[PDB]
Amino acid sequence: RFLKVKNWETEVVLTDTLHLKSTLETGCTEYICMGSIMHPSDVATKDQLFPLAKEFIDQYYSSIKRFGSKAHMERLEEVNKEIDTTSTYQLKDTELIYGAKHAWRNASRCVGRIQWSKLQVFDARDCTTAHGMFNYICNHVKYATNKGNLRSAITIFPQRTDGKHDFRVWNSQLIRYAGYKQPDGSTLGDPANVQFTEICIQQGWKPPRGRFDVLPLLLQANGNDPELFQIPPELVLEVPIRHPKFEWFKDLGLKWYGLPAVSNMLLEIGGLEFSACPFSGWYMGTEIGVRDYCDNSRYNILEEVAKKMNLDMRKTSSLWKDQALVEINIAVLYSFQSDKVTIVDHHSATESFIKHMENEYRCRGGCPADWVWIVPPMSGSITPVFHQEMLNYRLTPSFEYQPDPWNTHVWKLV
Amino acid sequence: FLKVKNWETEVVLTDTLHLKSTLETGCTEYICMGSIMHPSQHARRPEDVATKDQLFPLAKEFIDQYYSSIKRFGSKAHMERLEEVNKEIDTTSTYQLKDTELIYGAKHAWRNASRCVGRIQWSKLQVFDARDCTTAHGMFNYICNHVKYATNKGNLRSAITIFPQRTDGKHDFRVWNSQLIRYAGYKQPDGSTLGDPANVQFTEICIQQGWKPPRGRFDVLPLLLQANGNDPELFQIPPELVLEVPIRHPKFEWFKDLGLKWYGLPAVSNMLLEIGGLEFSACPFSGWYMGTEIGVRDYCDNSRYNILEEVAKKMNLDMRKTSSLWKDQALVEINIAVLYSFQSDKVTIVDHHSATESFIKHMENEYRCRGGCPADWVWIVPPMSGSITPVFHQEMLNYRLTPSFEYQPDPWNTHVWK
Ligand code: HEM
Ligand code: HEM
Ligand SMILES: CNCCc1cc(F)c(F)c(-c2cc(C)cc(N)n2)c1
Ligand SMILES: CNCCc1cc(F)c(F)c(-c2cc(C)cc(N)n2)c1
Ligand SMILES: C[C@H](O)[C@H](O)[C@H]1CNc2nc(N)[nH]c(=O)c2N1
Ligand SMILES: C[C@H](O)[C@H](O)[C@H]1CNc2nc(N)[nH]c(=O)c2N1
Ligand SMILES: [Zn+2]
């Protein structure tokens with residue numbers, strides 16, 4: 001069986017066979033589509049783990065043209081022994097690297113996957129304490145940031161065991177700014193991070209109470225209570241936002257960090273769950289310029305920018321929001337490029353994603369892609385992905401959502 | 001029950017309407033086809049003249065639904081109607097809708113149209129019953145009346161004109177035009193395209209049918225009308241019925257020199273209206289534009305008028321690299337101009353901010369009174385400035401309710417000429 005996808009701009013038609021390998025649920029049913037649901041839908045038993053492990057080891061050995069080899073069969077034998085005797089197993093380093101890369105390759109929501117195979121994998125499975133996690137994360141940040149020449153990287157902490165000894169980065173990203181609810185209902189800093197900022201403060205963090213306070217790391221090792229650590233400031237590369245034409249833009253006092261590093265997802269490889277697996281790449285500008293800066297729930301700067309632009313804001317059909325949004329995103333890109341910090345604009349990124357998609361169809365038989373996420377949050381139809389039909393399905397290894405740690409963690413101190 | 005969350009407002013709506021869905025979406029629990037243009041070929045009755053046990057269940061379902069809608073389920077009139085539809089099918093292999101049922105069905109096909117952001121207006125739909133029509137000339141008359149009513153000197157009014165339903169499939173009524181009013185497209189000797197590239201093929205059919213093209217950039221195409229399965233016939237819409245808006249910019253006096261215009265009346269005419277198993281293959285319907293339809297898609301798609309280059313040049317933007325966002329900057333100015341121009345000419349238009357806000361309001365109304373609102377996020381989110389409209393942050397459930405508007409093959413792919 002085959003499924004065809006068409007680009008309505010180029011009329012290129014691609015043929016997806018890879019969807020036949022999909023495993024887990026999309027959330028849709030035959031009569032309901034949940035493609036715009038953000039999160040649709042304790043630890044694996046021995047019986048559940050065997051086939052998951054087998055399928056992963058089979059696909060690892062197929063990828064390296066060793067399917068059915070003696071090494072393939074001995075690895076299956078060996079994996080089965082550990083599951084039988086220990087109720088889990090340990091990945092070889094090669095398998096960990098392959099697994100991490102393919103979870104990225106399989107991330108249907110990620111427009112940046114043309115880069116999937118160039119992923120630096122830091123094996124942190126020997127880590128035992130939050131201090132060790134901090135050290136591993138600093139090394140990750142420093143390597144990934146690379147003085148602005150950003151390099152993709154992931155750091156993989158020990159896998160889940162009984163679900164009671166989870167490693168977790170409590171931060172949603174490694175680098176984010178604090179948010180502080182004011183008594184008057186206004187928010188200082190990033191409103192998205194108010195709750196997490198409260199948790200940090202409650203754990204002892206002394207907040208500067210500024211607009212762009214880099215949050216401390218809140219790191220949980222082995223199911224213990226999480227611990228606070230300040231990322232050394234010299235490792236946090238930031239970009240002050242200015243505009244190439246509007247001299248007043250710098251007066252807005254905006255900055256952002258260079259390193260987008262997601263740390264609250266779960267990496268699943270062969271049925272193993274890596275609950276702490278921070279990964280980082282580089283920014284597409286609309287992430288900052290459209291969502292971080294202009295979401296009504298985020299820094300919400302449209303009004304201020306439009307004011308300084310002298311736009312007519314009395315009516316929506318003046319498209320004053322649209323006009324200000326473009327300029328903000330111009331500023332974001334100009335600023336990063338001026339500081340020689342890796343960034344990709346949505347046009348280049350979606351263009352590369354189409355090339356990647358077509359290549360994946362050619363060499364892999366498909367490429368799961370979540371149109372709702374792949375299309376940029378501005379100027380959608382002038383990017384090529386808008387016109388690209390996509391099939392969404394869940395391949396493993398995969399990155400998955402997991403509950404926030406403060407909702408499941410049971411505290412131990414006092 | 002299924003919940004949808006708005007991630008900006010944290011409003012959660014609980015959907016039960018989806019339990020009434022009838023057609024496959026194309027998705028499965030293993031694959032999502034949400035961005036496929038035509039994901040499913042699941043039809044409620046086979047392609048041509050259904051047997052009785054194929055059509056009657058669909059008719060019963062619709063009549064049941066109609067009589068439920070007016071609090072008359074099981075009433076004398078309801079049961080008589082069932083008996084009547086049963087006899088009609090028994091004796092003609094089809095049945096005929098009452099005017100009230102026709103109107104109910106058309107409004108509900110609109111209400112059920114998951115891709116339409118304009119549905120807050122759904123019950124304000126003028127329905128023109130053209131089921132007595134027999135010739136392309138009569139179809140032209142009906143369409144002219146529709147266009148004139150709908151246009152209303154720029155105070156646009158939503159309307160649908162419904163021609164005779166399909167019978168055996170060899171006697172189809174079709175408007176071969178994809179929309180009642182579109183501009184021609186011409187292949188130039190050098191290889192470029194003049195006018196609307198989407199309509200090059202249709203334009204060639206027209207020319208081949210005897211149409212004399214003026215070969216300009218905005219030549220309103222003739223109507224190509226097919227009645228009772230016969231060869232289609234060309235008709236020129238009276239130009240006084242075709243309201244057009246010259247596009248100018250409130251700030252850039254040079255914008256008018258681009259010579260752009262668009263027509264006021266968006267009037268889709270290639271879709272199929274399905275009510276109770278009956279298929280109305282010619283059912284042109286029209287409302288009024290959301291500005292982005294013109295300013296983003298019509299004007300700025302690469303395979304349409306593709307005007308970003310021209311506009312950015314006149315704006316003196318740096319077009320060397322994508323990261324100057326010169327396309328995005330021109331895109332906004334174009335859409336400012338379109339809205340400004342329609343508004344200056346007192347032609348109904350809605351901007352994507354107002355339209356998307358109305359749709360969120362419509363969603364809430366529908367969840368409150370109806371228990372759900374099928375909505376296709378991929379189509380509802382405007383093609384520019386997505387996340388600064390509320391619908392971007394609105395989770396949606398997409399499912400297929402009947403009555404409905406369906407796609408159908410282009411008639412030139414299926415018509416055996418005479
Ligand atoms: C190298 C440059 C990269 C670029 C330009 C890029 C771009 C993006 C963008 C724009 C998004 C949407 C983010 C949002 O809207 O919140 C995204 C999502 C995502 N990225 Fe990539 N990314 C990159 C690297 C990576 C890497 C290295 C990984 C993992 C190894 C990764 C995994 C993911 C995942 C799992 C998502 C979806 C998150 C979710 O579902 O909530 N990306 N990416
Ligand atoms: C009255 C004002 C209306 C507005 C502002 C409006 C807006 C829109 C827009 C922007 C689209 C997407 C168009 C595209 O991207 O090609 C759309 C699609 C659609 N509209 Fe509406 N519309 C209106 C009236 C109507 C009416 C009166 C009907 C039917 C009686 C209708 C039925 C549909 C359908 C079926 C689609 C989906 C078309 C497809 O799947 O290809 N709309 N509408
Ligand atoms: C759990 N859902 C988080 C989604 C998210 C939020 C965010 F703020 C990001 F920055 C990225 C993201 C991640 C990577 C690796 C590259 C990139 N460009 N963006 C992804
Ligand atoms: C078959 N798919 C065609 C989709 C389509 C194309 C188009 F060009 C339009 F103009 C509208 C449309 C229709 C109505 C009633 C109002 C409105 N604003 N737009 C819809
Ligand atoms: C409701 C909707 O699914 C939600 O707002 C999505 C839309 N598309 C997105 N796309 C990206 N890249 N990131 C997002 O956070 C979202 N949010
Ligand atoms: C492939 C993709 O589904 C296709 O480009 C869709 C995307 N969303 C759309 N949304 C609207 N309103 N109109 C369209 O034509 C499209 N095209
Ligand atoms: Zn789906």
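Naming convention: chains lettered A, B, ... in sequence-line order (proteins, then strands); numbering from 1 in each chain. Only this structure's heavy atoms are used, side chains among them; waters, hydrogens and symmetry mates stay out.
Taking all atoms of both residues into account, the shortest heavy-atom contact from B:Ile36 to A:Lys4 is CD1-O, 4.3 Å. In terms of heavy-atom proximity, B:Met396 sits nearest to A:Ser36 at N-OG, 2.8 Å. Nearest heavy atoms, A:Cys33 versus B:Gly34: SG-CA, 4.0 Å. Closest approach of A:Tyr31 and B:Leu23 over heavy atoms only: CD2-O, 3.3 Å. Here the shortest heavy-atom pairing between A:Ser317 and B:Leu339 reads O-CD1, 3.6 Å. Looking at every heavy atom in both residues, A:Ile382 comes nearest to B:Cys300 through CG2-CB, 4.4 Å.
Interface remark: B:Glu357 contributes no atoms to any contact with chain A (heavy atom separation under 4.5 Å). Heavy atoms closer than 4.5 Å to chain A are found in the side chain of B:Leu331, but not in its backbone. When heavy atoms are compared at a cutoff of 4.5 Å, A:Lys6 does not approach chain B at all. Heavy atoms of B:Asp351 lying under 4.5 Å from chain A belong exclusively to its side chain. Neither the backbone nor the side chain of A:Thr286 comes within contact range of chain B, judged by heavy atoms closer than 4.5 Å. When heavy atoms are compared at a cutoff of 4.5 Å, A:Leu3 approaches chain B solely by way of its side chain, counted from C-beta outward.
Looking only at heavy-atom pairs under 4.5 Å with chain A, the residue among B:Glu333, B:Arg400, B:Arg297, B:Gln343 that has the most is B:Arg297. If you tally non-hydrogen atom pairs under 4.5 Å between each of B:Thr28, B:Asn335, B:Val4, B:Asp15 and chain A, the highest count goes to B:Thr28. Contact tally against chain B (heavy-atom pairs below 4.5 Å) for A:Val344, A:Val375, A:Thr23: the top residue is A:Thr23. With chain A as the partner, the residue from B:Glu8, B:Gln394, B:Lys327 showing the most heavy-atom pairs under 4.5 Å is B:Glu8.
Side-chain contact check for A:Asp322 and B:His352: at least one donor-acceptor pair (N or O, by modelled atom type) lies under 3.5 Å. A side-chain N or O of B:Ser354 and one of A:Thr316 form a donor-acceptor pair less than 3.5 Å apart.
Proximity of B:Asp301 to A:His387: side-chain heavy atoms (C-beta onward) are separated by under 4.5 Å at one or more points.
A side-chain donor-acceptor contact under 3.5 Å links A:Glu389 to the backbone of B:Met37.
Enclosure of atom NZ in A:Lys21 is not indicated, since only 12 or fewer non-hydrogen atoms of other residues, nucleotides or ligands lie within 6.0 angstrom. Within 6.0 Å of NZ on B:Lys251 lie more than 12 heavy atoms contributed by other residues, nucleotides or ligands. For B:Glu364, the CD atom sits in a packed shell: over 12 heavy atoms of surrounding residues, nucleotides or ligands are nearer than 6.0 Å.
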Requested in this report: Check the pair A:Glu30 / B:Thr25 against side-chain contact (heavy atoms from CB on, under 4.5 Å), numbers first and verdict last.
Outcome: CA-CA 6 Å; A:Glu30 295 154 302; B:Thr25 60; over 6 Å; no
Query raised in the report: Would A:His347 and B:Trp326 satisfy side-chain contact (heavy atoms from CB on, under 4.5 Å), going step by step from the backbone distance to the final call?
Result: CA-CA 11 Å; A:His347 303 290; B:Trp326 65 266; over 6 Å; no
Query raised in the report: For B:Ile336 and A:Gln323, what are the C-alpha separation, side-chain angles and deciding distance, and is it a side-chain contact (heavy atoms from CB on, under 4.5 Å)?
Result: CA-CA 9 Å; B:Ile336 291 180; A:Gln323 257 187 313; 3.6 Å; yes
